[PDB]
Amino acid sequence: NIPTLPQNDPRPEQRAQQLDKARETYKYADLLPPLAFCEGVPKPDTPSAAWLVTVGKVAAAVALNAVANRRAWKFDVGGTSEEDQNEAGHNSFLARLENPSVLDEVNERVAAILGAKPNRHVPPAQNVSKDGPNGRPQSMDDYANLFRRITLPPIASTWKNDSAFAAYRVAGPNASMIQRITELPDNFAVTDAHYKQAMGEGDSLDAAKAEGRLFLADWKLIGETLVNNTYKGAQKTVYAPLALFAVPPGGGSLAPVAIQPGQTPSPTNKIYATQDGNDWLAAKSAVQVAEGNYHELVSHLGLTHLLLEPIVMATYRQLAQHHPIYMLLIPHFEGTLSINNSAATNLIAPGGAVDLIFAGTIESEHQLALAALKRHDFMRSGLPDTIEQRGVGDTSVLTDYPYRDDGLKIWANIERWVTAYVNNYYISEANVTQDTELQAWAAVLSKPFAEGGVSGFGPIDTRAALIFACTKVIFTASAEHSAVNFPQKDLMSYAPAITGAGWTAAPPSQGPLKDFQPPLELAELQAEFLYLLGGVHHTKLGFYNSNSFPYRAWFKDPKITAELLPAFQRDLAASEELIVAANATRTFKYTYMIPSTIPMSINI
Amino acid sequence: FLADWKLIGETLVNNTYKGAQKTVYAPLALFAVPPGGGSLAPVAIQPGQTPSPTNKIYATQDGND
């Protein structure tokens, strides 16, 4: 079959009766208010067994790490050891049928890990558990020794370097943060002395601002929304820092200069420079906790999961199955409704892993996410658009920026494919205005943010506008999601490197570095839920398949199946070679824009 | 072969003749001779002792500078 715009369909009334039944399947609920959320997970959008089987293995290693950590701390833990092996035995052969344990344990185990819930031991086998790691640490080795059956991430042996602290602002969880400045802000009056400590006596602050070599990262949003909370009495802290960066003359890698932990200068809030020893390291470790809340809530669970939640709904409800755009986006939404449901009811839920490990009150964290969703401009949020918004565009100044460099080739691949897909189906700008389904699609996403609309979405009255709204949507369900979901495992699962809470009010150092760090009960949990979220690479951008057992090709129109989509897939494999060419010549590898790794959808 | 006028910087104070700023630097000039020997020939000049944004190294292909 060949897709058809609604004003071209040979069988119109049947199409409208499919849409009347889809709107009965996809109804709105306020699972998280001010937002357009789905009422549970409709049966079609259940996770596929392939997803469950893939997730079950990672979650099985997570439970074993808990049991193996329970062996070290202080026959029971040998019994729970083989039962978790038994579920892996079920997944390897019982689920090998593909044609019981899948929807049971896998979904159940994800909830206990994401919900921070205790007794993550064995499904159907039924203070803090002082038979597992808990409380304040004896030594810094205890954090590295929580990684028994899961492998310790590499950043643990490198996070203290200043070169790695800058690698997070170009190749870390939130690599969209820095913005080029021509002057300094008034709340960050750094001196030429601090600049020379970071750059040498051969460079000048006033020259870096001239040659466009300054880059500021401002967490002002963190101070406007977050309210600290006490875990089992103990206070957790988060700041609203400003951290300057620069590049050496002639263009090179990024490097830190100064850190001001707060927004306003004061005696209790002074600039810390690169030569200040343990106070400097604290300032970075403080800045990293700000990134932990900002990335998790604004960049990852804010500007991907919940930004696409209304776009997923409007597509199922205004676009028909025989509509070609529904044929383009629905596979890029595979499982999005399910993971945002397990997110809202477990993760960002009271008593969840975000409630404990992160410094804010759980309801102040929601205000943080909703604040960025409200300030977005969907029409002006393309990657090449933001790159010149932030002045980070010059590749001869800021030469090492893997997110920008690797990410723009993937964006160019998506828009090339979205263009030929739109231009093959829309042969005139009148095809856009007469697409009554697309205008209902556009009119509902164009509602103000209070109603449930995507902020700044309008107007989609042009073939060009449809191309962008489809490129952005595909990019933020695939590349942009990989660039923020998988750094969780590789860069965020080790708490001293970065975590959600500071456990001393320490931009000024006050003693041991083991007192700033989270309790071992949470540090084991932070690792276990960030290893599970960032360690599942299921479905692959460029290959449109189904979510049912055959997993047979989704596209049916021959022009796509044998001509257009094959060209798009080659465009990725060509970009994959050039990106590995860059990754070989890079010390800090960036594997999140590699096509063979990028997922089609937001599914974890 | 290096010619370094460091002593100029550690002693002299720039004055003014009828208001106009007379200036003098403490340069460093690098010279080399071709392989097998020959006459001296300039390679580069750094007009100031301490390198800085204002004090750069100038080469033979830099035209009027």
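Please treat every number below as a calculation from the coordinates, not as lab data. Because the Cβ atoms are built from the backbone with ideal geometry, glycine has one as well, and the counts that use them run over all protein chains shown.
Taking the C-alpha atoms of the stretch A:6-127, how large are the radius of gyration and the largest Cα-Cα span, Dmax, in Å?
Rg then Dmax for the stretch A:6-127, in Å: 20.7, 72.
Taking the highest mean first, how do the peptides A:189-202, A:336-349, A:524-537 order by number of other beta carbon atoms within 10 angstrom per residue? Display every interim value, and only then the final one.
Values: A:189-202: 16.0, A:336-349: 21.6, A:524-537: 24.3.
Packing order, densest peptide first, comes out as A:524-537, A:336-349, A:189-202.
Would you tally the net charge around A:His90, using a Cβ to Cβ cut-off of less than 12 Å, leaving A:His90 out, and scoring K and R as +1, D and E as -1? Working shown, then result.
Numbers: positive: A:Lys57, A:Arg96; negative: A:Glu83, A:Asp84, A:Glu87, A:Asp104, A:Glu105.
Net local charge, A:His90 excluded: -3.
Whole-Hz ³J(HN,Hα) for each residue in the stretch A:275-280, computed from phi via Karplus 6.51 cos²θ - 1.76 cosθ + 1.60 with θ = phi - 60°, x for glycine and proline: what do you get?
10, 9, x, 6, 6, 5
Roughly how crowded by other chains is peptide A:193-206, in terms of the mean Cβ count from those chains within 10 Å of each of its Cβ atoms?
On the way: counts 0, 0, 0, 0, 0, 0, 0, 1, 3, 6, 3, 3, 1, 1.
The shielding value for this peptide is 1.
Cα centroids of the stretch A:365-391 and chain B: how far apart, whole angstrom?
Using only Cα atoms to place each centre, the spacing works out to 51 Å.
May I have the convex hull volume per residue, in Å³, for the Cα set of the stretch A:374-533? Intermediate values should be presented prior to the final figure.
Values: hull volume 28.3 nm³, N = 160.
Residue-normalised Cα hull volume stands at 177 Å³.
DSSP loop (so not H, G, I, E, B), at most 16 other Cβ within 10 Å: list which GluC sites (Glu not before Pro) in the stretch A:401-487 pass both filters. Provide the component values of the computation, followed by the final result.
Working: sites: A:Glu415, A:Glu429, A:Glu437, A:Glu451, A:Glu480; in loops: A:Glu429, A:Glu451.
Filter output for the stretch A:401-487: A:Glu429, A:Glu451.
Put +1 on the Cβ of every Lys and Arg and -1 on every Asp and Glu Cβ in chain A; which of A:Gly202, A:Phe75, A:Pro6 then has its Cα farthest towards the positive end of the dipole?
A:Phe75
Using the Kirkwood formula on the Cα atoms of the stretch A:209-346, what hydrodynamic radius do you get, in angstrom to one decimal? Mind dumping the intermediate values first?
Numbers: mean 1/r = 0.0540 Å⁻¹.
With all distinct Cα pairs of the stretch A:209-346 included, I get 18.5 Å.
So if the hydrodynamic radius of the protein assembly as shown is defined as the Kirkwood radius over C-alpha pairs, what does Stokes-Einstein give as its diffusion coefficient at 10 °C and 1.306 mPa s, in µm² per second? Mind showing how you got there, number by number?
Values: Rh = 27.6 Å.
After rounding, the answer is 57 µm²/s.
In debye to the nearest 20, how big a dipole does chain B give about its Cα centre with +1 on each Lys and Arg Cβ and -1 on each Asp and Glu Cβ?
On the way: 4 positive and 4 negative charges, 43 e Å.
It comes to approximately 200 debye.
Please arrange A:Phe486, A:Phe588 by counting, for each residue, the other beta carbons lying within 10 Å of its beta carbon, fewest first.
Working: A:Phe486 23, A:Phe588 20.
Ranked by crowding around the Cβ, least crowded first: A:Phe588, A:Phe486.
Which order do the peptides A:594-600, A:129-135 take when ranked by the mean count of other beta-carbon atoms within 10 Å per residue, highest first? Could the numbers behind the result be given before it?
Details: A:594-600: 20.1, A:129-135: 16.1.
In descending order of packing, they fall as A:594-600, A:129-135.
Can you list residues from other chains, or at least 5 along the same chain, whose modelled amide H is less than 5 Å from the amide H of A:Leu152?
HN-HN under 5 Å from A:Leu152: empty list.
Cα centroid distance between the stretch A:273-341 and the stretch A:491-562, in Å?
11 Å
Work out the length of the dipole vector of the stretch A:386-537 about its Cα centre, built from +1 on the beta-carbon of each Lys and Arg and -1 on the beta-carbon of each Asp and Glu, and round it to the nearest 20 debye.
Rounded to the nearest 20 debye, it is 100 debye.
Specify whether the C-alpha gyration tensor of the stretch A:118-275 places it in the rounded, prolate or oblate class, a ≥ b ≥ c being the square roots of the eigenvalues: rounded for a/c under 1.5, otherwise prolate if a/b is larger than b/c and oblate if not. Let's see the in-between values first.
Working: a/c = 2.63, a/b = 1.92, b/c = 1.37.
Prolate shape, in that a/c is at least 1.5 and a/b is the bigger ratio.
Which whole-number value in Å³ per residue fits the convex hull of the alpha carbons of the stretch A:320-364? Can you show the working numbers first?
Details: hull volume 4.4 nm³, N = 45.
Each residue corresponds to 98 Å³ of Cα convex hull volume.
Ranking B:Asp4, A:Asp400, A:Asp186 by Cβ neighbours within 10 Å, fewest first, what do you get?
Going from least to most buried by this count: A:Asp186, B:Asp4, A:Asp400.
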